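Numbers here simply count residues along the sequence, with the first being 1. Note: hydrogens, waters and symmetry copies are ignored here, and every other heavy atom, side chains too, is used.
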Amino acid sequence: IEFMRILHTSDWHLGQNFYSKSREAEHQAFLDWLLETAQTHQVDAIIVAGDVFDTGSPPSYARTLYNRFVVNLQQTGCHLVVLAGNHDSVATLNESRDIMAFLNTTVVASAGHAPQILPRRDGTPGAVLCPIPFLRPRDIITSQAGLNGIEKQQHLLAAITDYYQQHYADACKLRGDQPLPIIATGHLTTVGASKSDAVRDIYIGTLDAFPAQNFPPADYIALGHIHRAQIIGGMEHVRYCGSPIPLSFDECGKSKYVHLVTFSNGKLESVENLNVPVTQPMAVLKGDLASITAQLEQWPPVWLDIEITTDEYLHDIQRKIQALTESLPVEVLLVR
C-alpha cells in the first residue's frame, strides 16, 4: 500500500506591493500554516508552481520569507519543488538553485530540466516529476527558430505541446516498470480558465490560452498563474491551486486553497482542498455615495476598495471619502 502525498501551491507573489501596503505579515502567517500543514499530513513534497516572487527583484523581507520557509521545512523531511513563474526572474531563482539542493529543495527556473524521482520521506521512489516552470518562448523555440512567416500562435502551442510530450516520454522511461505516479507541472493560462485582475497576460500576441487536452496523460498536472482554485477541462487531475492569499480585491471573500494530493499505487487517489486561513480583512464597497456612506459604518484594520458608478468628478470623490472614512477602524487603498 504505497502512498505519495504532495502539497500543491503557487502564485505566492512574495514582495507584492499591494496599493502601497506589505503582504509580509500575511505571507508570513501562510508560510507558517503551510509548514504546519506539511507536518499534519506527512507530505512528501511541496510543489510551488510558479510566481514565487511578485518581481525579479524581491525585497529582502520577501527573500527572507522564502529562505527560512525552506529552512523551517527541514524539520519535516518534506522535499520542496520551487518553479519559476512568469513574474520570477530566472537569474534570481537560480541564485540559490545549488544552495537549495543541500536543503532538500529543487529549484527549477528554466526549461530543459530532465524529469526526476521525487523521494518519499523514507528516501524511496515516490513519484516521477516533470519539473516544468513557466516556459519563456525563447527557451523552447530553441527547438526550431520560427521567423519570417505567419501563424506564430501555432508555433508556440506546438512547442509547448512537444515539450510536454518529450518530457512525458522521459518520465515514462525514468519510471521503468515501477508503480509510480507521474506528476507534471506548468505555469500558463489554459483555455476556459477564469482569471482575476492580478493575473497578467502572458505570451501576448502568440498564445491566447493553452488547451488542456494538449497536456500529456500524467497522473496529476499542477498548474499555477491563475489565482482562483479550479478544475481544468472537467479533469480532476489537472488543476490550478490558486494563490494562497488574495492578490487583488476581486478575490477577497473567495476561498484560498492549497491542494493536498494523494497518490496510491502509482495512481491519483484524491484531491483535497485545504482552506488557507485569511488573516487580513479586505472588502469591496459598491454603489452610490450615500450607499457607500451607509455601508462602512458597520465594523487588524480592514483594507478597503471603493467602486463607484456615480458620475460627478475624478478627484472630488476621493476627497469626499477621505472625509467620511477618517478615524473609522478601516484603511482604504483604492477608488474607482
Side-chain angles (χ1 to χ4, degrees), residues 9-31 50-62 65 85-88 189 193-202 204 224-230 240-257 275-296 299-310 312 315-316 318-321 323 325-327 329-335:
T9 192
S10 67
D11 292 288
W12 288 3
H13 291 258
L14 303 171
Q16 197 210 36
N17 200 263
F18 193 70
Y19 297 114
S20 303
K21 300 236 88 184
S22 183
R23 310 308 310 271
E24 173 173 17
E26 282 161 280
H27 275 139
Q28 180 53 50
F30 158 62
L31 293 167
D51 290 342
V52 182
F53 296 114
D54 189 69
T55 77
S57 285
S60 197
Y61 71 79
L65 283 169
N86 75 296
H87 280 49
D88 292 299
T189 293
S194 61
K195 287 133 69 80
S196 338
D197 298 323
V199 179
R200 296 196 335 213
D201 279 10
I202 50 164
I204 306 160
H225 187 59
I226 292 312
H227 306 349
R228 176 184 258 119
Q230 75 207 248
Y240 294 112
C241 53
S243 68
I245 75 161
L247 294 184
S248 67
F249 266 114
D250 64 0
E251 283 292 315
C252 69
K254 295 284 158 153
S255 288
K256 303 268 75 103
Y257 295 111
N275 283 93
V276 185
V278 188
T279 63
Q280 166 61 219
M282 263 171 281
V284 178
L285 270 43
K286 189 92 227 306
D288 71 55
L289 310 87
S291 174
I292 282 151
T293 318
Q295 288 186 68
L296 67 309
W299 312 127
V302 25
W303 303 347
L304 259 311
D305 182 24
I306 316 288
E307 303 296 301
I308 208 154
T309 62
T310 37
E312 134 181 357
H315 169 94
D316 263 310
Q318 232 142 2
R319 195 200 73 252
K320 273 172 198 288
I321 88 152
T325 56
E326 271 191 343
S327 225
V330 296
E331 195 161 350
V332 333
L333 282 53
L334 189 58
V335 163

Grab the two heavy atoms, one from [X] and one from [Y], that are nearest each other, plus how far apart they are.
| X | Y | answer |
| --- | --- | --- |
| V302 | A283 | CG2-N, 4.2 Å |
| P58 | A62 | CB-CB, 4.2 Å |
| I292 | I308 | CD1-CD1, 3.7 Å |
| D250 | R228 | O-NH2, 4.4 Å |
| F18 | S248 | CE1-CA, 3.8 Å |
| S194 | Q230 | N-OE1, 2.8 Å |

Approximate separation, where rounding is to 0.5 Å, of [X] [atom1] and [Y] [atom2]:
| X | Y | atom1 | atom2 | result |
| --- | --- | --- | --- | --- |
| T279 | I245 | OG1 | CD1 | 7.5 Å |
| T309 | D288 | OG1 | CG | 8.0 Å |
| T9 | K256 | OG1 | NZ | 11.0 Å |
| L285 | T293 | CG | OG1 | 9.5 Å |
| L296 | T325 | CG | OG1 | 7.0 Å |
| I321 | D316 | CD1 | CG | 12.5 Å |

Keeping the roles fixed (side chain from [X], backbone from [Y]), state whether a donor-acceptor pair exists under 3.5 Å.
| X | Y | result |
| --- | --- | --- |
| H227 | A198 | yes |
| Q295 | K286 | yes |
| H87 | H225 | no |
| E251 | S196 | no |
| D305 | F249 | no |
| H27 | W12 | yes |
| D88 | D51 | yes |

task: Could you tell me whether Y240 and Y257 have their ring centroids closer than 6.0 angstrom?
output: no
Do [X] and [Y] make a side-chain contact, defined as non-hydrogen atoms from C-beta onward lying under 4.5 Å apart?
| X | Y | value |
| --- | --- | --- |
| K21 | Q280 | no |
| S22 | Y61 | yes |
| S243 | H13 | no |

Below 4.0 angstrom, N of the basic side chain to O of the carboxylate: do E26 and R23 qualify?
yes
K195 and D201 ion-paired at < 4.0 Å: yes
